[PDB]
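In the block that follows, a single chain appears as structure tokens, in the form deposited in one PDB entry.
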């Protein structure tokens, strides 16, 4: 039932209704020989839509907007990128040209700039310290500390108890660590624990890539990060 790379051909995007006014957007990516699904989030904010992360790149993101415009019909007015990597900010220029107001922490914007990636226009203050949380429309933005990246943020939708971890949280099918070049392996577990202590009520946990699950994805991720560290 949850879209997999089997139901989504490269360059296309599919939306999945997780709860009322809450969706995940799935896009198939092709990287270094393999193909895999990438998850994003969409949260109804009144009569508008809040988008969490791009679909990696201009084309895919443009396809994302198109799939939203026809399946949902509400205007995407704001967007938040969970970290500076190209798969999460790539497509921001497209979002900006469509009238979407793009956001990201100063930390993320700084890192994207240094990396030469697209840069969300607006800045999200109040998230520079581990454990920081701020309300942003229908969701709560949370910085658990360095993990997959030193700037990664996780998103929680209180009304639906949906937690989007971005690449900070792995799916069960992932047995080994992914790209940990810019990750803080030493802090990742402690950051996961902060996520656990802040959202003990989460019912649906969405990993950066793959099938959603429950809060056990946190421990899974921790198990995988631990093993990699050793």
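Rigid core: the largest C-alpha set superposing within 1.5 Å between the two forms. Positions refer to the first chain, counted from 1.
Annotation for 111-119 versus 83-91: the higher mean temperature factor (C-alpha) is found in 111-119.
Per the PDB record, of the two stretches 8-16 and 218-226, 8-16 carries the greater mean B-factor over its C-alpha atoms. Of the candidates 162, 55, 186, 181, it is 181 whose Cα B-factor is highest according to the PDB record. Comparing C-alpha B-factors across 192, 34, 41, 167 in the deposited entry, the largest value falls on 34. Looking at the C-alpha B-factors along this chain, the one for residue 26 belongs to the middle third. Ranked against the other modelled residues of its chain, the C-alpha B-factor of residue 73 as given in the entry falls in the highest third.
Among the modelled residues of the chain, residue 63 sits in the middle third by CA temperature factor in this PDB entry. Ranked by C-alpha B-factor against the other modelled residues of its chain, residue 202 falls in the highest third. Residue 177: CA B factor in the highest third of modelled residues in this chain (values from the PDB entry).
From this point on, the text means the form solved in complex with a small molecule, which you will not see here.
Checking 86, 125, 113, 93 against the small molecule in the deposited complex, a heavy atom within 4.5 Å turns up for just one residue: 86. Heavy atoms of residue 204 never reach within 4.5 Å of the small molecule in the deposited complex, leaving it off the interface.
Not displayed here, the small molecule is kept clear of residue 194 by more than 4.5 Å at the level of heavy atoms in the deposited complex. Proximity of residue 46 to the small molecule in the deposited complex: non-hydrogen atoms within 4.5 Å are absent; the residue sits far from the partner. Among residues of the shown chain, residue 199 is not one whose heavy atoms approach the small molecule to within 4.5 Å in the deposited complex. Only 35, out of 35, 172, 66, 185, shows a C-alpha shift of 2 Å or more between this form and the one not shown on alignment of the rigid core.
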